[PDB]
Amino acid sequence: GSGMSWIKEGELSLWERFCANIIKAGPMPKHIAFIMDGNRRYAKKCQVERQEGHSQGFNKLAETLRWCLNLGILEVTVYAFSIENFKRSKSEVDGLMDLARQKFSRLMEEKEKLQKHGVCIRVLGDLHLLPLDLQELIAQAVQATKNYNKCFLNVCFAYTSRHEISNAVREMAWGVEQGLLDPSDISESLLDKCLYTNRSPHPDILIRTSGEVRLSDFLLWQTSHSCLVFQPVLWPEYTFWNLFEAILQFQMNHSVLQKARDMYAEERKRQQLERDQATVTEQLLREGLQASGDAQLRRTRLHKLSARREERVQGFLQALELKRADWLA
């Protein structure tokens, strides 16, 4: 299939291929998230116009996505346009919208090539803030590449994490209002499935280029246990070796980060069990029943409490997925 424009690439060189085989003997990330920062500074550095920096920045995204595929990293998430970026000048915002119109739209025309390689394109954000035509181009690309499995690019556009989290709560609130949810069903696990990223596992790595050491409202919930890598390089100058260094950072953190991630999950489940047992106890000392009977009343009520919750959640998620799939464009 040669190369798409979102985009294709050549194989790894000898040294890149060698180092890849070495680090592939240890834990590898399944999902990397990039804050693509420093385009404008790069334009000023190369005496090019700001629009040229952003367009070069898109080229680097296509190149970096090829490196990830050549490393067997099949899911990538990128911060392409923040809601805060709407505060930039009309000339720059229009330049970014026109780029997105041009790179999308080229996604079509390159259809079939996306279907040949199973490339799923997801675009995450408060997309009602984008120009209507850009929304329709986005929707077509997302609708066309759905049901594709081989790899996954999540383009965060008109996105912030706080807007994403509050939307996830709104979705759960709608569930309660619709009768699909009880307020007690709300959970960290359920909130996770209400995020824009709910078809993706949390990133193993979060990379931010240029010298900035902050998250800038990107995947705050998703990266709470992710390896964080801040590299001074400007995004349009990103190399395979910057990516390699980041993966190396992840491998050195992996054992601690895994154990902490696992200890956090076990502690949350432990406290959730304690909470459910206390609920069952309260309902039982209300009324006249007891908690330590041979009848195992507590245990039957605990199983029904959790089964009804899971049944209500599965119904809500299915309705949420039906609402999310429902789209003119």
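Residue indices: 1-based, along the sequence shown. Rigid core here is just the name for the largest C-alpha set that superposes within 1.5 Å across the two forms.
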_After superposing on the rigid core, which of 32 to 40 and 286 to 294 has its C-alpha atoms sitting farther from this form in 7 other deposited structures of this protein?_
286 to 294
*Which has higher Cα B-factors on average according to the PDB entry: 110 to 118 or 234 to 242?*
110 to 118
*Of 286 to 294 and 46 to 54, which one has the bigger average CA B-factor?*
286 to 294
*Among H225, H163, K146, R88, which carries the highest Cα B-factor?*
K146
*Report the option among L248, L132, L74, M97 whose CA atom has the maximum B-factor in the deposited record.*
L132
*Hey, what third does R299 fall into on Cα B-factor, ranked over its chain?*
highest
*Report the third (lowest, middle or highest) to which the CA temperature factor of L317 belongs, ranking only the modelled residues of the same chain.*
middle
*Using the B-factors in the PDB entry, rank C19's C-alpha atom against the chain and give the third, lowest, middle or highest.*
lowest
_Entry-reported Cα temperature factor of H202, expressed as the chain third it lands in_ = lowest
*Would you mind checking where the Cα B-factor of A80 ranks among the modelled residues of its chain, as the lowest, middle or highest third?*
lowest
